[PDB]
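Student: The following block contains the structure, expressed as structure tokens.
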Amino acid sequence: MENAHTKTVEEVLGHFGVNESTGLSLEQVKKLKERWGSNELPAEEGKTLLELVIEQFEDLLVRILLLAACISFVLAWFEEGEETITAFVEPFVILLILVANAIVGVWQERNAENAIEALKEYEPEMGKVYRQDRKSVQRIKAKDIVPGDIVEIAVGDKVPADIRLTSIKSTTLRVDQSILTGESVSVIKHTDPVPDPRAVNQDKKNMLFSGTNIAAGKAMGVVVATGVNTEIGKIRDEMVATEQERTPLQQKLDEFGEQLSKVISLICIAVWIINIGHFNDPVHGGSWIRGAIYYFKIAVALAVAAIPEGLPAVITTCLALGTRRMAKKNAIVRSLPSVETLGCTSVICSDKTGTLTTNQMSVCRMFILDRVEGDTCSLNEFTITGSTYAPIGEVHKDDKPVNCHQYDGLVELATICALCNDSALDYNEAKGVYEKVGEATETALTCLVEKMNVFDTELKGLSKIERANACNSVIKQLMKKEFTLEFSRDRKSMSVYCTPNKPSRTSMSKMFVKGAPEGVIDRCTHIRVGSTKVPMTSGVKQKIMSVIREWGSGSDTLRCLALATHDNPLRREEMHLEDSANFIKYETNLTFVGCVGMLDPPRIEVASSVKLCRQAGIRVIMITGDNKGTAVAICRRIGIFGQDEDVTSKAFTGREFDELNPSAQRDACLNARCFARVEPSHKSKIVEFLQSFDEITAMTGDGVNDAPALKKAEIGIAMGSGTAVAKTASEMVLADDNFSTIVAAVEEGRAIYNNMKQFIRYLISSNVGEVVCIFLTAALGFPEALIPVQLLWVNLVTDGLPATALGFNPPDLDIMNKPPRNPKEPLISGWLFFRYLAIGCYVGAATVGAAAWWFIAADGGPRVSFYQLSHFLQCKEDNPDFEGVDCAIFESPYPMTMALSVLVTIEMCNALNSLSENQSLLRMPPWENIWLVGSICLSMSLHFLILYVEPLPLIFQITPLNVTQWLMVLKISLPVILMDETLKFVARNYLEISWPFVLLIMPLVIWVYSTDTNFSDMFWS
Ligand code: BEF
Ligand SMILES: [Ca+2]
Ligand SMILES: [Ca+2]
Ligand SMILES: [Mg+2]
């Protein structure tokens, strides 16, 4: 309605019916919802279809092919444009492959993006709020938040809408507003009004902006603007982006592309220089200009054929399929470079609490101090049943020594639990499980205090939703809290000074301490037994410590915390200086040193995933801020640490890690799988130490403690049910909150790299085969077997659709058993270059051999000796060598169509066996890739179309064929697959079976080779 930063707290609350510590009436909530509108920010699309198709065309390889198409169109100008069949087919053939690749890429990328947006709505935006229906804070959808409504926020939470600080419930509130303000450093905030009529966002410390994160604080505010009216919504029209897509893989592939373009240009120059020197034959070649333009067209067609023009398209489709597959498995990938480098990940750091554990925390055990007869102390050691956040589900098993809960010490413990926490429960209509608000520990204590510990009141039959609010409200109303002590890692405890509402019966002064058992057992010097207090005893404290250690002995890995009482505080806030020394000085002596036991179940799908990670060669390290013993126990349970293992030099804490010999420090950073009780700075130091060893690091976490370190790691991962600070600092978000997605991401990255390698291998082999064919034909003096339109058609049929569909390859069988690759090694090894050269040499030799076969030994063709073939140009119709053979036959379109068909079929066969690097088709039948088979069938259908209709063969300078020539084509094209299988076998064994497939291939093979009458060839020179 109006700006509120200048206005004070009183009138902004009085602007609406809103009141502090209470909520808003439902009727006025819906009235303001109807008037102002929902808190939804329009998600406009930033990538239109036109730019989406243009972004594929921008690359050196595609631009060269566009230039070649333009050159072909220019050179085609020998007759008016009305004729669009005789001379207007080669530019169309050049254009068709680019169009097909662009369509495939845009379709795949659009599918991936459409999948991603639906995933972002898997968990609707949630925000804590105060309403009049439920007395305590309740979570509601952030899409429905009216202005002027009380909204509580805590550490590690996104701000649903612009809120003015009505009150602060913590000592200091530090809020990170980097996304809006651009200030990386967190900004301290206060409730003082803004004295600037138009304050800059930097100097506005009175209000919190929507979309911002709180680094460290607890606060409650009033929403002033919602939806687009928020400071993040009005400026949302302005577009912000990084515009960075140069992944290391794409950078090295671009380097490979430019080197390959240089080599292809050199090869084309060689073609020009070697060939035109002897060209003076009178096939419209007695003039230099005509021969020059013809051989220039030949060179342009060879350059078109010999460059991989689907490379950007295949990269784009591989990334799009990876992202879409992660979208299906409920993982939001906000950074394309992440998944591919997840293939190269070598160390996975992780956050024990919240990510590896299931994050739903419940009370399980409780011991009070029974009657003590001296050094030894008898301990009650109760047990509590129920792991879900439900008061109704807890019955205390009715078997413990007390079921009426009449123990005075139990009453005191319940009061401590109720009055020493800042958490609550709420009932959501979505499920039957009551949601957790606040820290897990405090919420578990709150659901602990529900049972009739203090009073045997008959609350049966009351409101279902009132349980979570009235469970501890009775204790709260009879004893008024005064103030609290900040939780500091120096003492690892929290303290609350409370004065009972009781009319001065109990001295009106109490202190309640919630902390670690060690800290309180050291600080406590006065024990509580029954209703009385006894002097400190070494035996009692030692037995309590032994019970705590037993609770930490593999049952639930020591999640217990202690709750203690200080009966005689020195004074009511005599001094409250914000230093750790005073807080410890205020806890000199205490009482009721008994503890309570908690359970944090490790996630089921973690251990197996960990077992996968060590199979892939990826080390897993647990870096957490918890105790060393708890961390080691959780590691052993998960499987990072072997049971009964020497963990002397593999587990560390932050303090001992900091003070080490640099040689010892670097050795420990390599060989340690567990760091415990580490501050965020220490986690970042560990991550950067790991990265300094040329090692790719991936880290996961769901807390602010892990937020800085996630930035240092190469890959950052945040769980869906975690703090939004981790999400903003991470690259991949696990909405489903399932640890199995990480190994799937590593698998997809490795699969993308493998498919890229297969595409490179297939294209390089086929195209060097075509180049070797041209060189062999030129060198041996044989008639030229490839004219520009035929070369362009080969480029269209063997490079466009099958190679693009090669990007849909299913993952390899041994993909998850290989060590992670080093991103610094050369893209193509020496062995791969040899494989490409061998396959290309065979392809070229096979095509030249097919042509020479038609000229020399053919069933429906003339028989011409090899000597005559090598000297075909030397024809004067009267040569004694050339007697009885018409030398116009050397212009026959039959050898040309032989070469065309042989090249096409051999390249399809090469595409068939390019499914895997070193795996035979017997192990990997092509039926797993239906896209590749369909593409091959469609391309062969196109070949049969251009070969067996009336007009099409005329424009391609080819003729229809019969069964015998096709059989010869298949016979000369098959051995490429056998040669590739031999190379794969050699690579498998010396360098490093589907019976149905054999039963299909064998009869077809014997059918092809049933009749053989193609031997007795002449000498090769
Ligand atoms: F144990 Be982690 F730092 F939440
Ligand atoms: Ca090509
Ligand atoms: Ca090719
Ligand atoms: Mg955590």
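Ordering of the structure tokens sets the chain letters (A, B, ...), residue numbers begin anew at 1 in every chain, and ligands are numbered from 1 in the order given.
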Hey, which residues come within 7 Å of ligand 3 if we count only C-alpha atoms and all ligand atoms? Could you give them as a PyMOL selection string?

Tutor: chain A and resi 305-306+763+766-767+794-795+798-799+907

Student: Keeping only C-alpha atoms, write those residues as a short mmCIF file (atom, residue, chain, number, x, y, z; two decimals), in the first residue's frame.

Tutor:
data_model
loop_
_atom_site.label_atom_id
_atom_site.label_comp_id
_atom_site.auth_asym_id
_atom_site.auth_seq_id
_atom_site.Cartn_x
_atom_site.Cartn_y
_atom_site.Cartn_z
CA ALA A 305 32.13 -34.59 -46.22
CA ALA A 306 35.31 -34.66 -44.09
CA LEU A 763 32.71 -39.44 -37.93
CA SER A 766 34.09 -42.56 -42.07
CA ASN A 767 35.35 -39.19 -43.30
CA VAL A 794 27.11 -39.41 -48.84
CA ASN A 795 27.73 -36.63 -46.33
CA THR A 798 26.12 -41.04 -43.32
CA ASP A 799 26.66 -37.97 -41.12
CA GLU A 907 29.39 -46.25 -43.33
#

Student: Please identify all protein, DNA and RNA residues within 8 Å of ligand 4, counting only C-alpha atoms and all ligand atoms, and report them as an NGL selection string.

Tutor: :A and (351-355 or 624 or 701-703 or 705-706 or 722)

Student: As a ChimeraX atom specification, please: the residues near residue A:502 (cut-off 10 Å, only C-alpha atoms, same-chain neighbours under 5 positions excluded).

Tutor: /A:477-480,507-508

Student: Selection from above, C-alpha atoms, as an mmCIF file, in the first residue's frame, can you write it?

Tutor:
data_model
loop_
_atom_site.group_PDB
_atom_site.id
_atom_site.type_symbol
_atom_site.label_atom_id
_atom_site.label_comp_id
_atom_site.auth_asym_id
_atom_site.auth_seq_id
_atom_site.Cartn_x
_atom_site.Cartn_y
_atom_site.Cartn_z
ATOM 1 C CA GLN A 477 1.558 -20.647 30.981
ATOM 2 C CA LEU A 478 2.571 -21.578 34.546
ATOM 3 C CA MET A 479 6.168 -20.336 34.173
ATOM 4 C CA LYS A 480 7.098 -17.183 32.250
ATOM 5 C CA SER A 507 12.170 -18.225 44.621
ATOM 6 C CA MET A 508 11.143 -16.940 41.136
#

Student: If we count only C-alpha atoms, what is near stretch 418-424 of chain A at a cut-off of 8 Å, once residues fewer than 5 positions away on the same chain are taken out, given as a list in words?

Tutor: residues 136, 137, 436, 437, 438, 439, 442, 443, 445, 446, 449, 468, 469, 472, 475, 476, 481, 495, 496, 512, 513 and 514 of chain A

Student: Nearest to ligand 2: which of A:275, A:935, A:261, A:847 is it, counting only C-alpha atoms and all ligand atoms?

Tutor: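 Checking each of A:275, A:935, A:261, A:847 against ligand 2, counting only C-alpha atoms and all ligand atoms, the winner is A:261.
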
Student: Could you check the closest approach to ligand 1 for each of A:300, A:577, A:718, A:214 and tell me which residue wins, using only C-alpha atoms and all ligand atoms?

Tutor: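 Ranked by minimum distance to ligand 1, first place goes to A:718.
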
Student: Contacts of residue A:410 at 12 Å or less, counting only C-alpha atoms, minus same-chain residues fewer than 4 places along, as a CSV table (one decimal) with N, CA, C and O atoms, in the first residue's frame?

Tutor:
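To be explicit, this is the file written out as out_1.csv:
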chain,number,residue,atom,x,y,z
A,366,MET,N,15.7,-42.1,27.8
A,366,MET,CA,15.6,-41.1,28.9
A,366,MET,C,16.0,-41.8,30.2
A,366,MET,O,15.5,-42.8,30.5
A,367,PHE,N,17.0,-41.2,30.9
A,367,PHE,CA,17.3,-41.7,32.2
A,367,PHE,C,17.3,-40.6,33.2
A,367,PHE,O,17.8,-39.5,32.9
A,368,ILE,N,16.7,-40.8,34.4
A,368,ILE,CA,16.7,-39.9,35.5
A,368,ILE,C,17.5,-40.5,36.6
A,368,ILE,O,17.9,-41.7,36.6
A,369,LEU,N,17.9,-39.7,37.6
A,369,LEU,CA,18.7,-40.2,38.7
A,369,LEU,C,17.8,-40.8,39.8
A,369,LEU,O,17.1,-40.0,40.5
A,370,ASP,N,17.8,-42.1,39.9
A,370,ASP,CA,17.0,-42.8,41.0
A,370,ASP,C,17.8,-42.6,42.3
A,370,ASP,O,18.8,-41.9,42.4
A,380,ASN,N,17.1,-45.0,36.1
A,380,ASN,CA,15.9,-45.5,35.7
A,380,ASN,C,15.9,-45.9,34.2
A,380,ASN,O,15.5,-47.0,33.9
A,381,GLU,N,16.5,-45.1,33.3
A,381,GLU,CA,16.7,-45.4,31.9
A,381,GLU,C,15.4,-45.8,31.2
A,381,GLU,O,15.3,-46.9,30.8
A,382,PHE,N,14.5,-44.9,31.1
A,382,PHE,CA,13.3,-45.1,30.4
A,382,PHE,C,13.5,-45.2,28.9
A,382,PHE,O,14.6,-44.9,28.4
A,402,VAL,N,7.3,-46.4,35.5
A,402,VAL,CA,6.2,-45.4,35.7
A,402,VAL,C,5.5,-45.2,34.4
A,402,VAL,O,6.1,-45.1,33.4
A,403,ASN,N,4.2,-45.3,34.5
A,403,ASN,CA,3.3,-45.0,33.3
A,403,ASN,C,2.4,-43.8,33.5
A,403,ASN,O,2.0,-43.1,32.6
A,404,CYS,N,2.1,-43.6,34.8
A,404,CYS,CA,1.3,-42.4,35.2
A,404,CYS,C,2.2,-41.1,35.1
A,404,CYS,O,1.6,-40.0,35.1
A,405,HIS,N,3.5,-41.3,34.9
A,405,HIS,CA,4.4,-40.2,34.8
A,405,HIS,C,4.4,-39.2,36.0
A,405,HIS,O,4.3,-38.0,35.9
A,406,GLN,N,4.4,-39.8,37.2
A,406,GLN,CA,4.3,-39.1,38.4
A,406,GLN,C,5.7,-38.7,39.0
A,406,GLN,O,5.7,-38.1,40.1
A,414,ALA,N,10.5,-32.5,31.8
A,414,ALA,CA,9.5,-32.1,30.8
A,414,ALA,C,9.4,-30.5,30.8
A,414,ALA,O,9.3,-29.9,29.7
A,415,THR,N,9.5,-29.9,32.0
A,415,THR,CA,9.5,-28.4,32.0
A,415,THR,C,10.7,-27.9,31.3
A,415,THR,O,10.6,-26.9,30.6
A,416,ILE,N,11.9,-28.5,31.5
A,416,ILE,CA,13.1,-28.0,30.8
A,416,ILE,C,12.9,-28.2,29.3
A,416,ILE,O,13.3,-27.3,28.5
A,417,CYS,N,12.4,-29.3,28.9
A,417,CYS,CA,12.2,-29.5,27.4
A,417,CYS,C,11.2,-28.5,26.8
A,417,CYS,O,11.5,-28.0,25.7
A,448,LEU,N,8.4,-34.8,22.6
A,448,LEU,CA,8.6,-35.5,23.8
A,448,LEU,C,7.7,-35.0,25.0
A,448,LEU,O,7.1,-35.8,25.7
A,449,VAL,N,7.6,-33.7,25.2
A,449,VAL,CA,6.9,-33.2,26.3
A,449,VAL,C,5.4,-33.3,26.2
A,449,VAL,O,4.7,-32.9,27.1
A,451,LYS,N,3.4,-35.9,26.4
A,451,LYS,CA,2.8,-36.8,27.3
A,451,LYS,C,2.7,-36.2,28.7
A,451,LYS,O,3.4,-35.2,29.1
A,452,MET,N,1.7,-36.7,29.5
A,452,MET,CA,1.2,-36.1,30.7
A,452,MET,C,2.3,-36.3,31.8
A,452,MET,O,2.1,-36.9,32.8
A,453,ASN,N,3.5,-35.7,31.5
A,453,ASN,CA,4.6,-35.7,32.5
A,453,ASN,C,4.3,-34.9,33.7
A,453,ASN,O,4.5,-35.3,34.9
A,454,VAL,N,3.9,-33.6,33.5
A,454,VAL,CA,3.7,-32.7,34.6
A,454,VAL,C,2.4,-32.9,35.3
A,454,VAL,O,2.4,-33.0,36.6
A,455,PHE,N,1.3,-33.0,34.6
A,455,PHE,CA,0.0,-33.1,35.2
A,455,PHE,C,-0.8,-34.2,34.4
A,455,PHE,O,-0.6,-34.4,33.2
A,528,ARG,N,21.1,-33.8,41.3
A,528,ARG,CA,19.7,-33.8,41.7
A,528,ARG,C,19.3,-35.2,41.7
A,528,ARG,O,19.3,-36.0,40.7
A,529,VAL,N,18.7,-35.7,42.9
A,529,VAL,CA,18.2,-37.0,43.1
A,529,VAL,C,16.8,-36.8,43.7
A,529,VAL,O,16.6,-36.2,44.7
A,530,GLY,N,15.8,-37.4,43.0
A,530,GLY,CA,14.4,-37.3,43.5
A,530,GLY,C,14.0,-35.9,43.5
A,530,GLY,O,14.0,-35.1,42.5
A,531,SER,N,13.6,-35.4,44.7
A,531,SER,CA,13.2,-34.0,45.0
A,531,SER,C,14.3,-33.2,45.7
A,531,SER,O,14.0,-32.1,46.1
A,563,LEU,N,20.1,-32.1,29.7
A,563,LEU,CA,19.3,-31.0,30.2
A,563,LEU,C,19.4,-30.8,31.7
A,563,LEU,O,19.2,-31.8,32.4
A,592,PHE,N,20.6,-31.6,38.2
A,592,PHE,CA,19.8,-32.5,37.3
A,592,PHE,C,20.6,-32.7,36.0
A,592,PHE,O,20.3,-32.3,34.9
A,594,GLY,N,21.0,-35.4,34.4
A,594,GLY,CA,20.5,-36.4,33.5
A,594,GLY,C,20.3,-36.0,32.1
A,594,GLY,O,20.2,-34.8,31.8
A,595,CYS,N,20.3,-36.9,31.2
A,595,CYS,CA,20.3,-36.7,29.8
A,595,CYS,C,19.0,-37.2,29.1
A,595,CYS,O,18.1,-37.8,29.8
A,596,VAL,N,18.9,-37.1,27.8
A,596,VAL,CA,17.8,-37.7,27.0
A,596,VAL,C,18.4,-38.2,25.7
A,596,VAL,O,19.4,-37.6,25.2

Student: Using only C-alpha atoms, pick whichever of A:64, A:534, A:511, A:717 has the shortest atom-to-atom distance to residue A:737.

Tutor: A:717

Student: Between A:359, A:875, A:975, A:947, which one has atoms that come closest to residue A:846, using only C-alpha atoms?

Tutor: A:975

Student: Which of these residues is nearest to ligand 1, using only C-alpha atoms and all ligand atoms: A:768, A:332, A:634, A:713?

Tutor: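 When distances to ligand 1 are compared using only C-alpha atoms and all ligand atoms, the smallest one comes from A:634.
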
Student: Please determine, counting only C-alpha atoms and all ligand atoms, which residue among A:374, A:625, A:409, A:310 has the shortest atom-to-atom distance to ligand 2.

Tutor: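 Smallest separation from ligand 2 among the options: A:310.
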
Student: Figure out the distance between atom CA of residue A:566 and atom CA of residue A:504, please, to one decimal in Å.

Tutor: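 Computed distance, atom CA of residue A:504 to atom CA of residue A:566, equals 16.9 Å.
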
Student: Considering only helix (DSSP H, G or I) as DSSP defines it on the backbone, what residues of stretch 453-607 of chain A qualify? List them as a ChimeraX atom specification.

Tutor: /A:467-470,473-477,517-523,538-551,580-585,604-607

Student: Where does DSSP see strand (DSSP E or B) in stretch 649-714 of chain A, if you list the residues as a list in words?

Tutor: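 Output for stretch 649-714 of chain A, strand (DSSP E or B) only: residues 651, 652, 653, 674, 675, 676, 697, 698, 699 and 700 of chain A.
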
Student: Which residues come within 7 Å of residue A:609, counting only C-alpha atoms, excluding same-chain residues fewer than 2 positions away, as a ChimeraX atom specification?

Tutor: /A:605-607,611-613,739-740,743

Student: Just to confirm, what's the straight-line distance from atom CA of residue A:863 to atom CA of residue A:887 in Å (one decimal)?

Tutor: 11.9 Å
